[PDB]
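Student: Dropping a structure here in structure tokens format, bear with me for questions.
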Amino acid sequence: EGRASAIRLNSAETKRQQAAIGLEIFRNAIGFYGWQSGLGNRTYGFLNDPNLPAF
Amino acid sequence: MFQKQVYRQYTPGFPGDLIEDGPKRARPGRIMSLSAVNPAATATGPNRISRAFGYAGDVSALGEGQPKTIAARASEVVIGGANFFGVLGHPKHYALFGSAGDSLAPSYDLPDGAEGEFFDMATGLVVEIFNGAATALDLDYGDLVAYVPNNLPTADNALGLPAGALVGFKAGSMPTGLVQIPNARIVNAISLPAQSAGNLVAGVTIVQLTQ
């Protein structure tokens, strides 16, 4: 923290923002592609739903 | 799971349902267990609805003492029938118990030693009938029904049909070792494709006339 503040950078704020953005990326990826639908999990996505018709 | 294609009409019915009204005879029974059949169980099935259960003793007399109490006229049945008790039906009478990891998954199975009504007589009963042979078969109005027994030798059951699975067999092409349902007739006319031992091919839902 001290060395990051030495270059006028808040290490904690950047890491917290990155944590929030990573969680948002995870949510977006789950919404767009599902999560482990191949393994049998029933979390589907906008592009990976097995009920959806073929292209 | 969700409608992926809109059709011009609806299905005539679902297996285990009554599609016609008229004279009919059904009796209550208890599912018992396939693990209690004396000659082991050469054929095995998960107590599905459109299956022909057979008698396996009575459970009328209650009490372990010397004076018994016959509370009600009850009978216990097994899916691999030797003497045909009845084809299980009316799936609206039961509850969706579970599917071993999915409590809400679509299942037609009954838990062991549960309640059920088995149809001896039915004006028209929607069931599923399997093919007793590896080749395709066209079943029409003038065709009979026969159900697999649990004591069916594995040589006779090459296709690996379930315990109480119903089968259409034309009129003189009965697969060896199958047990016929007397005076049972196939009302609707369908055609089942060729199948192998592994993939089978669940027979299309179809109306049959029982006794």
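Positions of Cβ are backbone-derived with ideal geometry, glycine not excepted, and every protein chain shown enters the neighbour counts. No lab work stands behind these numbers, since they all come straight from the coordinates.
Student: Take chain B, drop everything but the C-alpha atoms, weight them equally and run the Debye formula without solvent; then report log10 I(q)/I(0) at 0.08 Å⁻¹ to two decimals.
Tutor: Debye output, listed in q order: -0.29.
Student: Once the Cα atoms of helix A:11-33 and of chain A are each reduced to a long axis, what angle between those two axes, in degrees from 0 to 90 to the nearest 10, is obtained?
Tutor: That works out to roughly 10 degrees.
Student: Of the trypsin sites (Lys or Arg not before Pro) in chain A, which ones lie in a loop per DSSP and count no more than 13 other C-beta atoms within 10 Å?
Tutor: A:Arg8, A:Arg42
Student: Another question about this same structure. Would you mind classifying segment B:136-211 by shape? Square roots of the alpha carbon gyration tensor eigenvalues, ordered a ≥ b ≥ c; an a/c under 1.5 is rounded, otherwise it is prolate if a/b is larger than b/c and oblate if not.
Tutor: Note, shape of segment B:136-211 comes out oblate.
Student: Among B:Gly45, B:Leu144, B:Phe97, which residue has its Cα furthest toward the positive end of the charge dipole of segment B:1-154, with +1 on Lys/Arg Cβ and -1 on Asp/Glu Cβ?
Tutor: Of B:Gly45, B:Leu144, B:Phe97, it is B:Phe97.
Student: Along the principal axes of its C-alpha atoms, what lengths does chain A span, in descending order and rounded to whole Å?
Tutor: Answer, in whole Å and largest first: 56, 21, 11 Å.
Student: Give me the Debye-computed log₁₀ of I(q)/I(0) at q = 0.09, 0.20 Å⁻¹ for segment B:1-118, equal point scatterers on Cα only, no solvent, two decimals.
Tutor: Each listed q corresponds, in turn, to -0.33, -1.17.
Student: Moving on. What is the magnitude of the charge dipole of segment B:1-154 about its Cα centre, with +1 placed on the Cβ of each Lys and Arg, -1 on the Cβ of each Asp and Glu, and no other charges, expressed in debye to the nearest 20?
Tutor: Dipole size: approximately 180 debye.
Student: Roughly how many debye, to the nearest 20, is the charge dipole of chain A about its Cα centre, given +1 on each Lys and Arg Cβ, -1 on each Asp and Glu Cβ, and no other charges?
Tutor: 200
Student: Add -39500 (n - 2.57) for each DSSP H run of 4 or more in the protein assembly as shown, then divide by its residues: what number comes out at 222 nm, to the nearest 500 deg cm²/dmol?
Tutor: -3000 deg cm²/dmol
Student: Using the Cα centre as the reference, give the magnitude of the dipole from point charges on the C-beta atoms of the protein assembly as shown (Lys, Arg: +1; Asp, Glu: -1; all else neutral), rounded to the nearest 20 debye.
Tutor: In total the dipole reaches around 700 debye.
Student: Next question, about the same structure. Please check chain B for the longest run free of chymotrypsin sites (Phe, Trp or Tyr not before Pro) that are loop-located per DSSP (anything but H, G, I, E, B) and have at most 13 other Cβ atoms within 10 Å.
Tutor: The longest uninterrupted stretch comes out as B:11-96.
Student: Between the DSSP loop rule and a limit of at most 11 other Cβ atoms within 10 Å, which trypsin sites (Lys or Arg not before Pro) in segment B:53-156 are left?
Tutor: B:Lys68, B:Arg73
Student: Would you mind pulling out the separation of the Cα centroids of segment B:93-138 and segment A:23-44, in Å?
Tutor: 34
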